[PDB]
>>> print(open('model30.pdb').read())   # PDB, C-alpha atoms
ATOM      1  CA  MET A   1      45.148 -65.165  13.742  1.00  0.00           C
ATOM      2  CA  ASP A   2      46.570 -67.137  16.690  1.00  0.00           C
ATOM      3  CA  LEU A   3      48.931 -64.567  18.281  1.00  0.00           C
ATOM      4  CA  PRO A   4      52.515 -65.742  19.286  1.00  0.00           C
ATOM      5  CA  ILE A   5      51.289 -65.654  22.921  1.00  0.00           C
ATOM      6  CA  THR A   6      48.013 -67.248  24.128  1.00  0.00           C
ATOM      7  CA  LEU A   7      46.820 -67.060  27.759  1.00  0.00           C
ATOM      8  CA  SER A   8      44.132 -69.325  29.299  1.00  0.00           C
ATOM      9  CA  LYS A   9      42.370 -66.140  30.464  1.00  0.00           C
ATOM     10  CA  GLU A  10      39.056 -67.763  29.440  1.00  0.00           C
ATOM     11  CA  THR A  11      37.397 -66.373  32.605  1.00  0.00           C
ATOM     12  CA  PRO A  12      38.807 -62.852  33.507  1.00  0.00           C
ATOM     13  CA  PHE A  13      39.483 -63.024  37.298  1.00  0.00           C
ATOM     14  CA  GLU A  14      42.494 -61.571  39.173  1.00  0.00           C
ATOM     15  CA  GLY A  15      44.302 -64.151  41.362  1.00  0.00           C
ATOM     16  CA  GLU A  16      43.656 -66.929  38.786  1.00  0.00           C
ATOM     17  CA  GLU A  17      46.320 -69.232  37.341  1.00  0.00           C
ATOM     18  CA  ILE A  18      46.957 -68.568  33.613  1.00  0.00           C
ATOM     19  CA  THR A  19      48.751 -70.805  31.099  1.00  0.00           C
ATOM     20  CA  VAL A  20      51.665 -68.899  29.535  1.00  0.00           C
ATOM     21  CA  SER A  21      52.744 -70.405  26.186  1.00  0.00           C
ATOM     22  CA  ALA A  22      55.174 -68.967  23.612  1.00  0.00           C
ATOM     23  CA  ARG A  23      55.260 -70.188  19.995  1.00  0.00           C
ATOM     24  CA  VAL A  24      58.901 -70.705  18.894  1.00  0.00           C
ATOM     25  CA  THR A  25      59.629 -70.597  15.121  1.00  0.00           C
ATOM     26  CA  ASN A  26      62.449 -72.832  13.820  1.00  0.00           C
ATOM     27  CA  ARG A  27      64.575 -70.679  11.470  1.00  0.00           C
ATOM     28  CA  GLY A  28      67.837 -71.366   9.597  1.00  0.00           C
ATOM     29  CA  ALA A  29      67.688 -74.268   7.107  1.00  0.00           C
ATOM     30  CA  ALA A  30      68.158 -77.440   9.211  1.00  0.00           C
ATOM     31  CA  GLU A  31      66.335 -79.331  11.976  1.00  0.00           C
ATOM     32  CA  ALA A  32      67.099 -77.512  15.279  1.00  0.00           C
ATOM     33  CA  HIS A  33      67.435 -79.303  18.640  1.00  0.00           C
ATOM     34  CA  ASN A  34      67.750 -78.357  22.303  1.00  0.00           C
ATOM     35  CA  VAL A  35      65.576 -75.194  22.135  1.00  0.00           C
ATOM     36  CA  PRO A  36      64.383 -74.341  25.705  1.00  0.00           C
ATOM     37  CA  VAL A  37      62.314 -71.297  26.752  1.00  0.00           C
ATOM     38  CA  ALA A  38      62.784 -68.855  29.642  1.00  0.00           C
ATOM     39  CA  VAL A  39      59.908 -66.552  30.658  1.00  0.00           C
ATOM     40  CA  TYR A  40      60.257 -63.752  33.224  1.00  0.00           C
ATOM     41  CA  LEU A  41      57.693 -61.186  34.430  1.00  0.00           C
ATOM     42  CA  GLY A  42      58.984 -57.574  34.427  1.00  0.00           C
ATOM     43  CA  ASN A  43      61.758 -55.711  32.577  1.00  0.00           C
ATOM     44  CA  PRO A  44      65.334 -57.082  31.879  1.00  0.00           C
ATOM     45  CA  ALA A  45      66.782 -53.635  32.732  1.00  0.00           C
ATOM     46  CA  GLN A  46      65.833 -53.924  36.434  1.00  0.00           C
ATOM     47  CA  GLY A  47      66.291 -57.658  37.092  1.00  0.00           C
ATOM     48  CA  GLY A  48      63.822 -60.185  35.665  1.00  0.00           C
ATOM     49  CA  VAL A  49      63.444 -63.687  37.200  1.00  0.00           C
ATOM     50  CA  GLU A  50      62.893 -67.122  35.627  1.00  0.00           C
ATOM     51  CA  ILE A  51      59.443 -68.651  36.395  1.00  0.00           C
ATOM     52  CA  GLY A  52      59.840 -71.971  34.598  1.00  0.00           C
ATOM     53  CA  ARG A  53      60.992 -73.718  31.415  1.00  0.00           C
ATOM     54  CA  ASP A  54      60.443 -76.862  29.321  1.00  0.00           C
ATOM     55  CA  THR A  55      62.890 -78.407  26.815  1.00  0.00           C
ATOM     56  CA  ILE A  56      61.213 -79.634  23.602  1.00  0.00           C
ATOM     57  CA  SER A  57      62.010 -83.075  22.162  1.00  0.00           C
ATOM     58  CA  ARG A  58      62.592 -81.695  18.661  1.00  0.00           C
ATOM     59  CA  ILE A  59      61.177 -79.066  16.229  1.00  0.00           C
ATOM     60  CA  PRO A  60      60.859 -79.794  12.406  1.00  0.00           C
ATOM     61  CA  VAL A  61      61.985 -77.312   9.696  1.00  0.00           C
ATOM     62  CA  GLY A  62      59.445 -74.717   8.505  1.00  0.00           C
ATOM     63  CA  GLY A  63      57.467 -75.696  11.624  1.00  0.00           C
ATOM     64  CA  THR A  64      57.056 -74.229  15.118  1.00  0.00           C
ATOM     65  CA  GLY A  65      57.457 -75.388  18.732  1.00  0.00           C
ATOM     66  CA  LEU A  66      54.904 -75.044  21.537  1.00  0.00           C
ATOM     67  CA  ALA A  67      55.791 -75.059  25.269  1.00  0.00           C
ATOM     68  CA  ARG A  68      53.407 -75.145  28.266  1.00  0.00           C
ATOM     69  CA  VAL A  69      53.992 -73.095  31.447  1.00  0.00           C
ATOM     70  CA  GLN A  70      51.741 -72.060  34.360  1.00  0.00           C
ATOM     71  CA  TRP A  71      51.992 -68.934  36.535  1.00  0.00           C
ATOM     72  CA  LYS A  72      49.930 -67.490  39.402  1.00  0.00           C
ATOM     73  CA  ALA A  73      48.619 -63.980  38.703  1.00  0.00           C
ATOM     74  CA  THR A  74      49.169 -61.562  41.607  1.00  0.00           C
ATOM     75  CA  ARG A  75      49.918 -57.812  41.716  1.00  0.00           C
ATOM     76  CA  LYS A  76      46.888 -56.239  43.469  1.00  0.00           C
ATOM     77  CA  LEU A  77      47.471 -53.276  45.827  1.00  0.00           C
ATOM     78  CA  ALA A  78      43.902 -52.259  46.751  1.00  0.00           C
ATOM     79  CA  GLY A  79      44.275 -49.084  44.666  1.00  0.00           C
ATOM     80  CA  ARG A  80      44.380 -47.887  41.038  1.00  0.00           C
ATOM     81  CA  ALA A  81      42.392 -50.781  39.483  1.00  0.00           C
ATOM     82  CA  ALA A  82      41.770 -48.774  36.284  1.00  0.00           C
ATOM     83  CA  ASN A  83      45.225 -49.883  35.044  1.00  0.00           C
ATOM     84  CA  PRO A  84      46.993 -53.314  34.538  1.00  0.00           C
ATOM     85  CA  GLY A  85      50.780 -52.774  34.787  1.00  0.00           C
ATOM     86  CA  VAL A  86      51.305 -56.556  34.525  1.00  0.00           C
ATOM     87  CA  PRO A  87      52.731 -57.018  30.952  1.00  0.00           C
ATOM     88  CA  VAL A  88      54.229 -60.271  29.617  1.00  0.00           C
ATOM     89  CA  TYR A  89      57.649 -60.844  27.992  1.00  0.00           C
ATOM     90  CA  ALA A  90      59.354 -63.941  26.572  1.00  0.00           C
ATOM     91  CA  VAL A  91      62.770 -64.642  25.019  1.00  0.00           C
ATOM     92  CA  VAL A  92      64.094 -67.665  23.109  1.00  0.00           C
ATOM     93  CA  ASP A  93      67.534 -69.130  23.943  1.00  0.00           C
ATOM     94  CA  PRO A  94      70.409 -67.427  21.945  1.00  0.00           C
ATOM     95  CA  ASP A  95      70.811 -69.404  18.682  1.00  0.00           C
ATOM     96  CA  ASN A  96      73.813 -67.165  17.867  1.00  0.00           C
ATOM     97  CA  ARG A  97      75.824 -66.760  21.111  1.00  0.00           C
ATOM     98  CA  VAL A  98      75.263 -62.964  21.473  1.00  0.00           C
ATOM     99  CA  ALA A  99      73.061 -60.853  19.184  1.00  0.00           C
ATOM    100  CA  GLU A 100      70.558 -58.235  20.390  1.00  0.00           C
ATOM    101  CA  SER A 101      69.348 -56.992  16.977  1.00  0.00           C
ATOM    102  CA  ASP A 102      68.738 -60.637  15.905  1.00  0.00           C
ATOM    103  CA  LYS A 103      67.012 -61.987  19.078  1.00  0.00           C
ATOM    104  CA  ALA A 104      65.069 -58.661  19.231  1.00  0.00           C
ATOM    105  CA  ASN A 105      63.383 -60.116  16.095  1.00  0.00           C
ATOM    106  CA  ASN A 106      61.743 -63.052  17.951  1.00  0.00           C
ATOM    107  CA  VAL A 107      60.238 -60.777  20.648  1.00  0.00           C
ATOM    108  CA  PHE A 108      56.556 -60.895  21.621  1.00  0.00           C
ATOM    109  CA  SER A 109      54.437 -59.192  24.286  1.00  0.00           C
ATOM    110  CA  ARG A 110      50.837 -58.050  24.814  1.00  0.00           C
ATOM    111  CA  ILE A 111      48.979 -56.024  27.455  1.00  0.00           C
ATOM    112  CA  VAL A 112      45.898 -57.461  29.215  1.00  0.00           C
ATOM    113  CA  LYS A 113      43.303 -55.835  31.514  1.00  0.00           C
ATOM    114  CA  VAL A 114      41.465 -57.552  34.394  1.00  0.00           C
ATOM    115  CA  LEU A 115      37.833 -56.820  35.282  1.00  0.00           C
ATOM    116  CA  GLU A 116      37.229 -55.819  38.925  1.00  0.00           C
ATOM    117  CA  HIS A 117      33.594 -55.559  40.020  1.00  0.00           C
ATOM    118  CA  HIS A 118      30.795 -57.304  41.933  1.00  0.00           C
ATOM    119  CA  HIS A 119      27.016 -57.676  41.701  1.00  0.00           C
ATOM    120  CA  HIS A 120      25.351 -54.977  43.827  1.00  0.00           C
ATOM    121  CA  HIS A 121      21.872 -55.124  45.412  1.00  0.00           C
ATOM    122  CA  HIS A 122      22.195 -58.788  46.513  1.00  0.00           C
TER     123      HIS A 122
END
>>> encode(input="model30.pdb", output="structure tokens")
Amino acid sequence: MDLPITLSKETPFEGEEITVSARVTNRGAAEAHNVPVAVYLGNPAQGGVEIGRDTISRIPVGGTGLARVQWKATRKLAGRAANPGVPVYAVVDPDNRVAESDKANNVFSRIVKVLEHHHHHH
């Protein structure tokens, strides 16, 4: 039912640009403003990196925000194709200075597999 994360992986093909979008839910009880998004591929424990961001004009109460970001898929190694290893993670700006347990509530991520094959014969 429209997952928090939707990729433009309409045509499964490694080395294709995919649209990474994260649905941000406006909580609290008042109209929120200045709610940017920072996406980074990998784990925060090692050392993630920012790919891009987009500040929204404004998000209404009881509503949700929708950002648009593009990223180039690339992680091939000419070996072990029977496994992705390219997960996706996204985090929303801290609406409460510092709070892991809280932020850890608005966390979303899904695994995706890429098809690798070619037509034989001719």
>>> atom_distance(input="model30.pdb", atom1="CA of residue 25 in chain A", atom2="CA of residue 47 in chain A")
26.4 Å
>>> closest_residue(input="model30.pdb", among="A:97, A:74, A:106, A:91", to="residue 15 in chain A", atoms="all atoms listed in the file")
A:74
>>> closest_residue(input="model30.pdb", among="A:17, A:31, A:100, A:2", to="residue 70 in chain A", atoms="only C-alpha atoms")
A:17
>>> closest_residue(input="model30.pdb", among="A:116, A:4, A:122, A:16", to="residue 79 in chain A", atoms="all atoms listed in the file")
A:116
>>> atom_distance(input="model30.pdb", atom1="CA of residue 112 in chain A", atom2="CA of residue 12 in chain A")
9.9 Å
>>> resolve_selection(input="model30.pdb", expression="the PyMOL selection byres ((chain A and resi 35) around 12)", output="PyMOL selection string")
chain A and resi 23-27+31-34+36-38+53-60+64-67+91-95
>>> write_last_selection(input="model30.pdb", atoms="C-alpha atoms", output="tab-separated table (two decimals), in the frame of the given file")
chain	number	residue	atom	x	y	z
A	23	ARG	CA	55.26	-70.19	20.00
A	24	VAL	CA	58.90	-70.70	18.89
A	25	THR	CA	59.63	-70.60	15.12
A	26	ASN	CA	62.45	-72.83	13.82
A	27	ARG	CA	64.58	-70.68	11.47
A	31	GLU	CA	66.33	-79.33	11.98
A	32	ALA	CA	67.10	-77.51	15.28
A	33	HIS	CA	67.44	-79.30	18.64
A	34	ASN	CA	67.75	-78.36	22.30
A	36	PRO	CA	64.38	-74.34	25.70
A	37	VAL	CA	62.31	-71.30	26.75
A	38	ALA	CA	62.78	-68.86	29.64
A	53	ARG	CA	60.99	-73.72	31.42
A	54	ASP	CA	60.44	-76.86	29.32
A	55	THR	CA	62.89	-78.41	26.82
A	56	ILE	CA	61.21	-79.63	23.60
A	57	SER	CA	62.01	-83.08	22.16
A	58	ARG	CA	62.59	-81.69	18.66
A	59	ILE	CA	61.18	-79.07	16.23
A	60	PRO	CA	60.86	-79.79	12.41
A	64	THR	CA	57.06	-74.23	15.12
A	65	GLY	CA	57.46	-75.39	18.73
A	66	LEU	CA	54.90	-75.04	21.54
A	67	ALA	CA	55.79	-75.06	25.27
A	91	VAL	CA	62.77	-64.64	25.02
A	92	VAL	CA	64.09	-67.67	23.11
A	93	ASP	CA	67.53	-69.13	23.94
A	94	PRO	CA	70.41	-67.43	21.94
A	95	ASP	CA	70.81	-69.40	18.68
>>> atom_distance(input="model30.pdb", atom1="CA of residue 10 in chain A", atom2="CA of residue 114 in chain A")
11.6 Å
>>> closest_residue(input="model30.pdb", among="A:21, A:43, A:73, A:109", to="residue 88 in chain A", atoms="only C-alpha atoms")
A:109
>>> decode(input="model30.pdb", residues="range 88-109 of chain A", atoms="N, CA, C and O atoms", output="PDB file, in the first residue's frame")
ATOM      1  N   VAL A  88      19.123   0.292   1.166  1.00  0.00           N
ATOM      2  CA  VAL A  88      18.817   1.744   1.140  1.00  0.00           C
ATOM      3  C   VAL A  88      18.365   2.206   2.530  1.00  0.00           C
ATOM      4  O   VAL A  88      17.558   1.552   3.191  1.00  0.00           O
ATOM      5  N   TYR A  89      18.892   3.349   2.956  1.00  0.00           N
ATOM      6  CA  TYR A  89      18.555   3.934   4.271  1.00  0.00           C
ATOM      7  C   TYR A  89      18.299   5.433   4.118  1.00  0.00           C
ATOM      8  O   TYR A  89      18.918   6.119   3.303  1.00  0.00           O
ATOM      9  N   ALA A  90      17.383   5.935   4.938  1.00  0.00           N
ATOM     10  CA  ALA A  90      17.018   7.361   4.910  1.00  0.00           C
ATOM     11  C   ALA A  90      16.662   7.833   6.313  1.00  0.00           C
ATOM     12  O   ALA A  90      16.054   7.102   7.095  1.00  0.00           O
ATOM     13  N   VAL A  91      17.043   9.067   6.624  1.00  0.00           N
ATOM     14  CA  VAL A  91      16.777   9.662   7.947  1.00  0.00           C
ATOM     15  C   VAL A  91      16.266  11.093   7.776  1.00  0.00           C
ATOM     16  O   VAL A  91      16.750  11.857   6.941  1.00  0.00           O
ATOM     17  N   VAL A  92      15.285  11.449   8.601  1.00  0.00           N
ATOM     18  CA  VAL A  92      14.690  12.792   8.573  1.00  0.00           C
ATOM     19  C   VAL A  92      15.396  13.677   9.600  1.00  0.00           C
ATOM     20  O   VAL A  92      15.702  13.239  10.709  1.00  0.00           O
ATOM     21  N   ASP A  93      15.622  14.934   9.231  1.00  0.00           N
ATOM     22  CA  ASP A  93      16.291  15.910  10.119  1.00  0.00           C
ATOM     23  C   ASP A  93      15.806  15.776  11.596  1.00  0.00           C
ATOM     24  O   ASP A  93      14.644  15.425  11.796  1.00  0.00           O
ATOM     25  N   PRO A  94      16.638  16.014  12.574  1.00  0.00           N
ATOM     26  CA  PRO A  94      16.204  15.864  14.011  1.00  0.00           C
ATOM     27  C   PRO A  94      15.222  16.964  14.440  1.00  0.00           C
ATOM     28  O   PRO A  94      15.607  18.124  14.592  1.00  0.00           O
ATOM     29  N   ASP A  95      13.963  16.589  14.643  1.00  0.00           N
ATOM     30  CA  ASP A  95      12.913  17.530  15.064  1.00  0.00           C
ATOM     31  C   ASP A  95      12.924  17.679  16.589  1.00  0.00           C
ATOM     32  O   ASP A  95      12.031  18.302  17.163  1.00  0.00           O
ATOM     33  N   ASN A  96      13.941  17.115  17.231  1.00  0.00           N
ATOM     34  CA  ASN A  96      14.069  17.177  18.702  1.00  0.00           C
ATOM     35  C   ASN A  96      15.552  17.158  19.118  1.00  0.00           C
ATOM     36  O   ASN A  96      15.954  16.390  19.991  1.00  0.00           O
ATOM     37  N   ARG A  97      16.343  18.021  18.491  1.00  0.00           N
ATOM     38  CA  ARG A  97      17.789  18.118  18.793  1.00  0.00           C
ATOM     39  C   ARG A  97      18.472  16.734  18.696  1.00  0.00           C
ATOM     40  O   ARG A  97      18.979  16.359  17.640  1.00  0.00           O
ATOM     41  N   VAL A  98      18.461  15.989  19.798  1.00  0.00           N
ATOM     42  CA  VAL A  98      19.069  14.637  19.841  1.00  0.00           C
ATOM     43  C   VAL A  98      18.087  13.643  20.479  1.00  0.00           C
ATOM     44  O   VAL A  98      17.608  13.832  21.597  1.00  0.00           O
ATOM     45  N   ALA A  99      17.810  12.569  19.746  1.00  0.00           N
ATOM     46  CA  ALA A  99      16.889  11.532  20.227  1.00  0.00           C
ATOM     47  C   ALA A  99      16.931  10.316  19.293  1.00  0.00           C
ATOM     48  O   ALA A  99      16.305  10.310  18.232  1.00  0.00           O
ATOM     49  N   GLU A 100      17.665   9.288  19.705  1.00  0.00           N
ATOM     50  CA  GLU A 100      17.781   8.072  18.883  1.00  0.00           C
ATOM     51  C   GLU A 100      16.450   7.318  18.880  1.00  0.00           C
ATOM     52  O   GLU A 100      15.837   7.115  17.832  1.00  0.00           O
ATOM     53  N   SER A 101      16.015   6.900  20.065  1.00  0.00           N
ATOM     54  CA  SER A 101      14.740   6.152  20.194  1.00  0.00           C
ATOM     55  C   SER A 101      13.613   6.802  19.355  1.00  0.00           C
ATOM     56  O   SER A 101      12.928   6.109  18.603  1.00  0.00           O
ATOM     57  N   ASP A 102      13.464   8.118  19.464  1.00  0.00           N
ATOM     58  CA  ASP A 102      12.437   8.837  18.680  1.00  0.00           C
ATOM     59  C   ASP A 102      12.708   8.682  17.172  1.00  0.00           C
ATOM     60  O   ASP A 102      11.991   7.956  16.483  1.00  0.00           O
ATOM     61  N   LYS A 103      13.740   9.358  16.679  1.00  0.00           N
ATOM     62  CA  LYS A 103      14.098   9.273  15.227  1.00  0.00           C
ATOM     63  C   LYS A 103      14.011   7.811  14.712  1.00  0.00           C
ATOM     64  O   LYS A 103      13.442   7.546  13.652  1.00  0.00           O
ATOM     65  N   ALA A 104      14.563   6.884  15.489  1.00  0.00           N
ATOM     66  CA  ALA A 104      14.515   5.442  15.132  1.00  0.00           C
ATOM     67  C   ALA A 104      13.063   4.973  14.821  1.00  0.00           C
ATOM     68  O   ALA A 104      12.833   3.852  14.367  1.00  0.00           O
ATOM     69  N   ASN A 105      12.111   5.869  15.055  1.00  0.00           N
ATOM     70  CA  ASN A 105      10.687   5.567  14.776  1.00  0.00           C
ATOM     71  C   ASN A 105      10.374   5.841  13.305  1.00  0.00           C
ATOM     72  O   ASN A 105       9.609   5.099  12.690  1.00  0.00           O
ATOM     73  N   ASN A 106      10.954   6.902  12.753  1.00  0.00           N
ATOM     74  CA  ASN A 106      10.745   7.301  11.349  1.00  0.00           C
ATOM     75  C   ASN A 106      11.861   6.735  10.464  1.00  0.00           C
ATOM     76  O   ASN A 106      12.421   7.433   9.619  1.00  0.00           O
ATOM     77  N   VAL A 107      12.157   5.453  10.655  1.00  0.00           N
ATOM     78  CA  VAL A 107      13.210   4.761   9.873  1.00  0.00           C
ATOM     79  C   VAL A 107      12.559   3.838   8.852  1.00  0.00           C
ATOM     80  O   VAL A 107      11.577   3.158   9.148  1.00  0.00           O
ATOM     81  N   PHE A 108      13.120   3.814   7.646  1.00  0.00           N
ATOM     82  CA  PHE A 108      12.589   2.971   6.567  1.00  0.00           C
ATOM     83  C   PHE A 108      13.733   2.450   5.695  1.00  0.00           C
ATOM     84  O   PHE A 108      14.708   3.156   5.436  1.00  0.00           O
ATOM     85  N   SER A 109      13.591   1.211   5.237  1.00  0.00           N
ATOM     86  CA  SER A 109      14.611   0.587   4.395  1.00  0.00           C
ATOM     87  C   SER A 109      14.083  -0.729   3.831  1.00  0.00           C
ATOM     88  O   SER A 109      13.364  -1.469   4.502  1.00  0.00           O
TER      89      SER A 109
END
